[PDB]
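One structure is given below, encoded as structure tokens.
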Amino acid sequence: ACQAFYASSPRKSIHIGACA
Amino acid sequence: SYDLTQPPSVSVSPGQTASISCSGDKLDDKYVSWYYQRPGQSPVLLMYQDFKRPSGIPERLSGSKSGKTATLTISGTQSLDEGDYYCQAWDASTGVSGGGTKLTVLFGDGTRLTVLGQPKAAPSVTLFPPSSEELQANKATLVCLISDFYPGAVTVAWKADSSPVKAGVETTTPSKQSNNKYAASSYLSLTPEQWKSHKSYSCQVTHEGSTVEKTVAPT
Amino acid sequence: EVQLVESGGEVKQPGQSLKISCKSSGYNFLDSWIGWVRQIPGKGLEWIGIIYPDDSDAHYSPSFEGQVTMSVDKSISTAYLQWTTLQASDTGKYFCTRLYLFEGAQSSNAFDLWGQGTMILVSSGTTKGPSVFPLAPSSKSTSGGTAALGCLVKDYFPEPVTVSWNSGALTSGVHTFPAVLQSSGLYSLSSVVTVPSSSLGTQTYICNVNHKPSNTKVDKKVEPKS
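Residue numbers (the deposited numbering), protein chains in the order written: chain P, 1 to 20; chain L, 1 to 9, 11 to 95, 95A to 95F, 96 to 106, 106A, 107 to 213; chain H, 1 to 52, 52A, 53 to 82, 82A to 82C, 83 to 100, 100A to 100G, 101 to 215.
As structure tokens, then:
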């Protein structure tokens, strides 16, 4: 469980924090 | 939707190491970014993902984290460092409605970093009573000008006959003077009657612990 | 280079609608989220929301959702922010910023690019020249051979107003203070000059006030108290 959003879109992705 | 707390003020001398903390309840699992802003300018990115500084940012700026706290440490604080500092993070809330996720950008209230570049200087005060021309126009205003005080910060208080009064007061923020000291002004509105039927009014200026005042009375 | 240029500032009255803009250039507009931040005078940075230009997906701060609307015009690389009904609480400087994606071991995002900001004043005030009142010198304004006298430039809008003394002949010891925006929405300003007390009975003091916005010029002779 990571903290990535819109991962399926390598350009629209927003990373909130460290995974797990 | 959690809060980000950072000291509204941090003061330091040139060369010293300054520290700006920022804490929030989820910061333990959230990246933090830091921005800089010189009054009247646009924010500048300084740090992201807790400790990574964008190309072009001084190595003297170090980003750290520990528990629910994030810290921006500025070693050898110069003076272009003077300004406001904001920390920021995010939050996500996958709605229980099956689908839909809410993202949130959070900002701390900001820290005003002050680089003491000159000796403490107490404020000079000057209080002007209402003129006859305004009084006849059936209006009255007491003007309290304040200058040459450092650092730039003062709290004003008006006591009509040694008794306070928050109504009718309008004070400005501090502003840098041509000589690098700060200035501000406050106004007190009253009515011609409200002023003539007293013994006096006073403008009290508190600066760096010590406070000075001035007084005026009707003819 | 790469930048975001925002529309010019404005002054509206409560109830009016408004649409401010932001044009990017130098990077693919559609590939980076655009966020909007508000900053009321004196206060800190407030988040309004973010929108992705390629499909206009948006995230609004619970405070603004339904009060303002984010949108972009792909054909011209421009993000907008609109209100149908403005309020006094909407006053402030609005920034337009791009959220950058830092790809690496573990990717992250931060707002690297910002516009210059669009100042928005929501007020009932209307352009007016100021009334100027003399701040006569006195034994209350006399220190060590120096006397302080001035002028009160009241109730004007909007900025700015200039003040000089004796048609520019008097400059030393002149201190024109930044104005106050009254709760009424009108501005008030004060300019004071410290001069030798000995001179009070023979030298004439006049403050020259100029308010370009309303074509108001006024000269005020300041004579010794009572």
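Ideal Cβ positions, reconstructed from N, Cα and C, are used throughout, including at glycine.
Is residue i close to chain L? Criterion is C-beta to C-beta, closer than 8 Å.
i          : result
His200(H)  : no
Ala4(P)    : no
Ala1(P)    : no
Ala7(P)    : no
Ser7(H)    : no
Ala100F(H) : yes
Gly26(H)   : no
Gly88(H)   : no
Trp82(H)   : no
Please confirm if residue i has its CB atom under 8 Å from at least one CB of chain P.
i              : result
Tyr176(H)      : no
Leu102(H)      : no
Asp31(H)       : yes
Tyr52(H)       : yes
residue 221(L) : One cannot answer for residue 221(L) here, as it falls past the ends of chain L, which runs 1 to 213.
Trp35(L)       : no
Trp152(L)      : no
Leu46(L)       : no
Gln105(H)      : no
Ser100C(H)     : yes
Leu98(L)       : yes
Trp91(L)       : yes
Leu18(H)       : no
Does residue i have its Cβ less than 8 Å from a Cβ in chain H?
i         : result
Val199(L) : no
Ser125(L) : yes
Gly105(L) : yes
Considering residue i, what are the terminal residues of the beta strand (DSSP E) in which it resides?
i          : result
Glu187(L)  : Run containing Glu187(L): none in the beta strand (DSSP E); it sits in the alpha helix (DSSP H), 186-190.
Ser12(L)   : 9-13
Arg106A(L) : 106-109
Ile34(H)   : 34-39
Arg94(H)   : 88-98
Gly17(P)   : 14-17
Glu207(L)  : 205-210
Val11(H)   : 10-12
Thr120(L)  : 118-122
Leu81(L)   : Element bounds for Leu81(L): n/a, residue is neither H nor E.
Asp142(L)  : 134-143
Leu4(L)    : Element bounds for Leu4(L): n/a, residue is neither H nor E.
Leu175(H)  : Counting along the chain, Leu175(H) falls outside any beta strand (DSSP E), and DSSP gives it neither H nor E.
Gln3(P)    : 3-5
For the alpha helix (DSSP H) that contains residue i, what are its first and last residues?
i         : result
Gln38(L)  : Taken as a continuous stretch (DSSP letters only), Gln38(L) belongs to no alpha helix (DSSP H), being part of the beta strand (DSSP E) at 34-38.
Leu129(L) : 126-130
Would you grab the beta carbon distance between residue i and residue j for me? Rounded to a whole angstrom, and I think it's under 8 Å.
i         : j         : result
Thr70(L)  : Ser63(L)  : Rounded, the Cβ-Cβ distance is 14 Å, inconsistent with contact.
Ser141(L) : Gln171(L) : 7 Å
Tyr27(H)  : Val67(H)  : About 25 Å; that fails the 8 Å criterion.
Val210(L) : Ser194(L) : 6 Å
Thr77(H)  : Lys23(H)  : 5 Å
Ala84(H)  : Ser55(H)  : Not quite, the Cβ-Cβ distance comes to about 29 Å (not below 8 Å), so this is no contact.
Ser180(H) : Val152(H) : 4 Å
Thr183(H) : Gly162(H) : 4 Å
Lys66(L)  : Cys138(L) : In fact, because the Cβ distance is near 46 Å, the residues do not count as touching under 8 Å.
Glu6(H)   : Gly88(H)  : Wrong, their Cβ atoms sit about 13 Å apart, outside the cutoff.
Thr213(L) : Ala134(L) : Their Cβ separation, rounded to whole angstroms, is 13 Å, which puts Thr213(L) and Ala134(L) out of contact at 8 Å.
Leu47(L)  : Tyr32(L)  : That pair is no contact at about 14 Å.
By DSSP, does residue i sit in helix, in strand, or in coil?
i         : result
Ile75(H)  : helix
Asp92(L)  : strand
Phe29(H)  : helix
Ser55(H)  : coil
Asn197(H) : strand
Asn155(H) : helix
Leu189(H) : helix
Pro113(L) : coil
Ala161(L) : coil
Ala71(L)  : strand
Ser194(L) : coil
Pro10(P)  : coil
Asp155(L) : coil
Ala137(H) : strand
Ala125(H) : coil
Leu170(H) : strand
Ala84(H)  : helix
Given that residue i touches chain C, what residues does it touch there, using C-beta distances under 8 Å?
i        : result
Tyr32(L) : Absent from the structure is chain C; the protein chains it does hold are P, L and H.
Verify the contact flag: residue i, CB atom, against every heavy atom of the ligand FMN, threshold strictly below 7 Å.
i        : result
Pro15(L) : By its list of ligands, the structure shown contains no ligand whatsoever, and the ligand FMN lies outside what it can speak to.
Check your understanding: Listed in chain order, which residues of the region 150-178 of chain H have Cβ atoms closer than 8 Å to some Cβ of chain L?
Key -> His164, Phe166, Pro167, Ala168, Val169, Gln171, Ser172, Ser177
**Study point:** Interface residues of the region 110-138 of chain H facing chain L [CB-CB below 8 Å]
**Key:** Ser120, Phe122, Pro123, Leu124, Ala125, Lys129, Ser130, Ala137
Point to revise | Where the region 61-80 of chain H meets chain P: residues whose CB sits under 8 Å from a CB there | key: The region 61-80 of chain H vs chain P, Cβ under 8 Å: nothing.
Review point. Along the region 170-184 of chain L, what residues have a CB closer than 7 Å to any CB found in chain H?
Key: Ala177, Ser179, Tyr181
Check your understanding: Going along the chain, which residues of the region 133-167 of chain L sit with their C-beta nearer than 9 Å to a C-beta in chain H?
Key -> Taken in chain order, the members of the region 133-167 of chain L whose beta-carbon sits within less than 9 Å of a beta-carbon on chain H are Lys133, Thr135, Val137, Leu139, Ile140, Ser141, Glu164, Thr165, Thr166, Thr167.
Practice item. Give, in chain order, every residue of the region 181-200 of chain H whose Cβ lies closer than 7 Å to some Cβ of chain L. Key: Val181
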